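Line by line, the protein sequences are chains R, U, 2, V and Q. Oh and the first sequence: position 86 is 89 in PDB author numbering, straight run, nothing missing. Oh and the second sequence: position 54 is 61 in PDB author numbering, straight run, nothing missing. Oh and the third sequence: position 6 is 6 in PDB author numbering, straight run, nothing missing. Oh and the fourth sequence: position 16 is 16 in PDB author numbering, straight run, nothing missing. Oh and the fifth sequence: position 71 is 72 in PDB author numbering, straight run, nothing missing. Beta carbons: idealized from backbone N, C-alpha and C, even for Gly. Okay, so here's the structure we're looking at.
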Amino acid sequence: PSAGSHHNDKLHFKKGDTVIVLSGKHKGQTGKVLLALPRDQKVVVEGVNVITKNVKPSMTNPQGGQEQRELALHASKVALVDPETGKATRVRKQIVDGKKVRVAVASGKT
Amino acid sequence: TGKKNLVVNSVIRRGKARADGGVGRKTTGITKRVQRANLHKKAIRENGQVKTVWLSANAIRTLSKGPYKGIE
Amino acid sequence: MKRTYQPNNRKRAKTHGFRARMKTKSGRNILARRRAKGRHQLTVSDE
Amino acid sequence: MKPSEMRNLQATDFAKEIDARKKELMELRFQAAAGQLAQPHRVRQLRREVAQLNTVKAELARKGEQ
Amino acid sequence: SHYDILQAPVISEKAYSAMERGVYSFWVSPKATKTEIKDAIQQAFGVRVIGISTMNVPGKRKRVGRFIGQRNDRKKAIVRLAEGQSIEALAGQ
RNA sequence: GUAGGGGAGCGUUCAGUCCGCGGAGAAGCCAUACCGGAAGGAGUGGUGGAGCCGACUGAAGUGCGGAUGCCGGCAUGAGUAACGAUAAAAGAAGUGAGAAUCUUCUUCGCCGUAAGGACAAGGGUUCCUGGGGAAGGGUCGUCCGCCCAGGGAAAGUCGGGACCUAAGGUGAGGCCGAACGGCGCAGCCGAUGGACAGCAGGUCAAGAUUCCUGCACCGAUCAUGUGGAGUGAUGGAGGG
RNA sequence: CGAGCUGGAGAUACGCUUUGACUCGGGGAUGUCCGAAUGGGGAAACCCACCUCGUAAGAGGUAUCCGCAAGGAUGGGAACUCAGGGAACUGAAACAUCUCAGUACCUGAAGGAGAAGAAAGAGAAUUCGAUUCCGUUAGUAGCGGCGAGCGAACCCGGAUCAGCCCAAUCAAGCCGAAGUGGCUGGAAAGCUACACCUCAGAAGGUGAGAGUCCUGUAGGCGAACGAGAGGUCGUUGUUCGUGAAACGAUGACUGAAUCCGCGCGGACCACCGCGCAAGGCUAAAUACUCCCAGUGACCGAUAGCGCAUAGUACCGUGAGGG
Ligand SMILES: [Mg+2]
Ligand SMILES: [Mg+2]
Ligand SMILES: [Mg+2]
Ligand SMILES: [Mg+2]
Ligand SMILES: [Mg+2]
Ligand SMILES: [Mg+2]
Ligand SMILES: [Mg+2]
Ligand SMILES: [Mg+2]
Ligand SMILES: [Mg+2]
Ligand SMILES: [Mg+2]
Ligand SMILES: [Mg+2]
Ligand SMILES: [Mg+2]
Ligand SMILES: [Mg+2]
Ligand SMILES: [Mg+2]
Ligand SMILES: [Mg+2]
Ligand SMILES: [Mg+2]
Ligand SMILES: [Mg+2]
Ligand SMILES: [Mg+2]
Ligand SMILES: [Mg+2]
Ligand SMILES: [Mg+2]
Ligand SMILES: [Mg+2]
Ligand SMILES: [Mg+2]
Ligand SMILES: [Mg+2]
Ligand SMILES: [Mg+2]
Ligand SMILES: [Mg+2]
Ligand SMILES: [Mg+2]
Ligand SMILES: [Mg+2]
Ligand SMILES: [Mg+2]
Ligand SMILES: [Mg+2]
Ligand SMILES: [Mg+2]
Ligand SMILES: [Mg+2]
Ligand SMILES: [Mg+2]
Ligand SMILES: [Mg+2]
Ligand SMILES: [Mg+2]
Ligand SMILES: [Mg+2]
Ligand SMILES: [Mg+2]
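Right, dumping it as structure tokens:
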């Protein structure tokens, strides 16, 4: 049963956007959006961190080796930022221009 | 399959012993109930162009009186 | 000794197949009454 | 392009356009099953182009008949 | 059309040495005919074809997990030309 | 105190409602010498990982040792019986992580109107190459008809169709019949049969009157000729 | 719709897309072979053709019946409806009339429903006024080896209403309020101190229980395209089993009156009442539920459909089982 299922497969944010971790261990940290997977509702922030072992696989690399790279995350501990405050920061949707739609807070915008 | 009308349809059949009596004997007791069927005959006559076909008996009269659409 | 089942391709097909099963009413009936039970195996034609 | 480069061209070209698109598609195949076919996309893209071509000559030939 | 048909070439010790002989061998399209194949290669290879053969082959039913499946069945075709008229595009293999 | 009627209650779920607990740990499970007149229910300790106890009320798929009951699991019999023809095996050599069993060698034993060879029906990749060893193999297996991957099959003359008809099956019109339908002339389908042009050799790990070499045959359409006036069916006879 | 996409599938490499992809709604085009198959054959998915146009590659046509043509029919559909056909086990503690029951099944036709329908009627009040449906009358009147057992209708209340003609708005989407600090904890949504929203406290996701994170809800907008006669004989139907047997209904024989006339009122007669046969269509309420949605003192892995999916594995020559 899908994860975006109950979230109208809807990504409230976007590839690029800065983010801050609400709930978890990484409570509050900054990250550009490197990967935003809407259906599974998963997404990568430059924060997270992880040590993965990529097993024997002789090609490439005879021996294994390891790797410090980072585990993706669930767009529900992802939070968009408010340039002023920069924290727990909901979103309103307004219109600048000229049929270009946008995004404020309680003090726009981002 | 008569002239006017199809046909062939019918019918079950009973039958009873110690029948007949002083209007009521004691009464009639019955033995049977099975089933039968019914029919007609063959006759060759005309319509529009040329035809031959089956024809009843009632049809035979009804047509020898006059053409109720088909002729002889 | 010798057994019930001695396969014969022409027999098999000319007996149980599809042109065969449709040639008769009760075989149309067999057909759709199979289809309803979601047979993948519709008929020995489908072997 | 997708709209502007097909409807500007006439169908006696389309026949042999189809033809050449095919030909390259075929040589592509031979490559593929010979190895390596390092650009798989090009195949499906040529498919796409073909479908375009036919959609075109079709809708067109039937809209000129008005 | 005059291409679609020749679904691939054939690859093996055999095919290679036949090629070396001046006999070329392809997979083709089951429904096809031998006249059709002759017209095919004669068209898209500008060659004199004087010899031909075909043969439909099944397809190794194989399983990948609890999924017993048949492969698509092909139609290997062999052609022999005349006067050492080798075909270019495969002559390197 | 048996069949039986009566009386009061214990537990299970779902439900309404209140008391309320729970990641400093719910249910479920495990141990035990506590409590209740009994169905039962508490204390604490170990398990577990996210839900649940209690009171009152309502509704039930509501309490199992039996039905040669049903599903499933595991015991007995038992390390027993059997390893599927009494045609029979030895030694050397090799390989491997490991060999009575797999691969070479040299013998021995059995079949030999077969236990050899070639087809058909059926089976379907079991064929060949290289690999694998869980399970299939009645032991073992390094092996296999098992597992993986890749290859292999070639026709104008063989066999079937592009020709024929038998039994039989069909079948417009036709003959019948509550319906579906049952018959049924010609015609058509129908090989087990009629008809019919190619033989000899060579070779892939794996094909062979196919492919390759050598020398043939048959029908078809065109052309240069001999042309130089007849061709000969949907019916006739002969023949088959 | 606006940032990601490249099907489950979880795999590499190839790429695509802010000139707007992917996904969604809405039309179109292409759609091999089999199957009503339908050019002819055939052992379904294969074989062999003939004709028209094309330079070929191709494209069309070549079933049968109703028709002047145009045009319609063929086959499928879980149940629902109508019709031709029509069982038995069973019960009567045996059986045969009888009951099971016009039930099971077979078949024909047809639809989104169908059937029925516009009085020679119920009827007993000189009343109602086409039908279908429910309630009721009513287990009453009656039927019956008067045994088992079978069982109406008129009236009364509702549902929905109709009577016409002929022959001399939903379907894609958008927009939507309001919390933070400390604490335990692997992790806050929980504990806590103070907060604000509510036309929004239905729900679901987030490291453990979130009204104020997310998706949403109340609410508000919302598309180019998109959808709204008599008689006789053998019988039978209704509660109708030959019973006083009316009436309809037909198989075979007979086939009257048309207005000072015809038909019924449960034998039959007068009287006195209700009625216009021999020609047709008809929405509505009603039945079902393959499918879509909402709910639940319905199930949660021996339950629940057979299936957390599969009519598959497996058995069966087959139907079929599973
Ligand atoms: Mg061949
Ligand atoms: Mg295999
Ligand atoms: Mg409760
Ligand atoms: Mg519980
Ligand atoms: Mg037991
Ligand atoms: Mg015993
Ligand atoms: Mg011992
Ligand atoms: Mg013993
Ligand atoms: Mg012993
Ligand atoms: Mg022993
Ligand atoms: Mg042995
Ligand atoms: Mg021995
Ligand atoms: Mg040696
Ligand atoms: Mg060694
Ligand atoms: Mg041995
Ligand atoms: Mg032999
Ligand atoms: Mg082998
Ligand atoms: Mg073993
Ligand atoms: Mg080894
Ligand atoms: Mg016949
Ligand atoms: Mg033969
Ligand atoms: Mg011969
Ligand atoms: Mg022959
Ligand atoms: Mg030859
Ligand atoms: Mg989208
Ligand atoms: Mg096409
Ligand atoms: Mg056909
Ligand atoms: Mg009847
Ligand atoms: Mg009986
Ligand atoms: Mg009885
Ligand atoms: Mg029908
Ligand atoms: Mg009578
Ligand atoms: Mg009667
Ligand atoms: Mg009467
Ligand atoms: Mg369980
Ligand atoms: Mg189950």
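Cut-off 6 Å between Cβ atoms - residues of its own chain near residue i, not counting five sequence neighbours on either side
| i | result |
| --- | --- |
| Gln71 (chain R) | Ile54 |
| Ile51 (chain U) | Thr59 |
| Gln42 (chain U) | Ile19 |
Integer Cβ distance of residue i from residue j, believed to fall under 8 Å
| i | j | result |
| --- | --- | --- |
| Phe27 (chain Q) | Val11 (chain Q) | 6 Å |
| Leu53 (chain V) | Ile18 (chain V) | 6 Å |
| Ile53 (chain Q) | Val80 (chain Q) | 5 Å |
| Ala66 (chain U) | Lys10 (chain U) | 3 Å |
| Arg29 (chain V) | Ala9 (chain Q) | 6 Å |
| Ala11 (chain V) | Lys57 (chain V) | 5 Å |
| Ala78 (chain Q) | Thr55 (chain Q) | 5 Å |
| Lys61 (chain Q) | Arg75 (chain Q) | At roughly 11 Å, the Cβ-Cβ gap does not stay under 8 Å, so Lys61 (chain Q) and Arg75 (chain Q) are not in contact. |
| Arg21 (chain U) | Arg40 (chain U) | 6 Å |
| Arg33 (chain 2) | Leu42 (chain 2) | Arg33 (chain 2) to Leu42 (chain 2), Cβ: 11 Å. No contact. |
| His15 (chain R) | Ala78 (chain R) | 7 Å |
Beta-carbon proximity list for residue i, same chain, < 8 Å, skipping 5 on both sides
| i | result |
| --- | --- |
| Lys49 (chain U) | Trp61, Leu62 |
| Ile30 (chain 2) | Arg21 |
| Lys96 (chain R) | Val104, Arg105, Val106, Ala107 |
Proximity of residue i and residue j at Cβ, strictly below 7 Å
| i | j | result |
| --- | --- | --- |
| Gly77 (chain U) | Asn54 (chain U) | yes |
| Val44 (chain 2) | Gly27 (chain 2) | no |
| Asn52 (chain R) | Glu73 (chain R) | yes |
| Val108 (chain R) | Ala75 (chain R) | no |
| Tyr25 (chain Q) | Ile88 (chain Q) | yes |
| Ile69 (chain Q) | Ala33 (chain Q) | no |
| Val50 (chain Q) | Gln43 (chain Q) | yes |
| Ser5 (chain R) | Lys80 (chain R) | no |
| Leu83 (chain R) | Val94 (chain R) | yes |
| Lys23 (chain U) | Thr8 (chain U) | no |
| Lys35 (chain R) | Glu49 (chain R) | yes |
| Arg42 (chain R) | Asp20 (chain R) | no |
| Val50 (chain V) | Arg21 (chain V) | yes |
Cutoff 7 Å; reference residue i; Cβ partners in own chain excluding five residues on either side
| i | result |
| --- | --- |
| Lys63 (chain Q) | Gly70, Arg72 |
| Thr92 (chain R) | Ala82, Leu83, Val84, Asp85, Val108 |
| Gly68 (chain R) | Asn57 |
| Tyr75 (chain U) | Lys11, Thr69 |
Select from the stretch 20-51 of chain Q all residues with a C-beta closer than 8 Å to any C-beta belonging to chain V, and list them in chain order. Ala45
Pull out every residue of the stretch 32-53 of chain V whose Cβ sits closer than 8 Å to any Cβ of chain Q, in chain order. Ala33, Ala34
Name the residues in the stretch 11-26 of chain V whose C-beta lies less than 7 Å from a C-beta of chain Q; which are they? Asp19, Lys22, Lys23, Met26
Residues, ordered as in the chain, of the stretch 70-90 of chain Q that lie near chain V by beta-carbon distance below 7 Å: none
Going along the stretch 2-22 of chain Q in order, which residues come within less than 8 Å of chain V, judged by CB to CB distance? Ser2, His3, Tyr4, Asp5, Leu7, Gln8, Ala9, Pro10, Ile12
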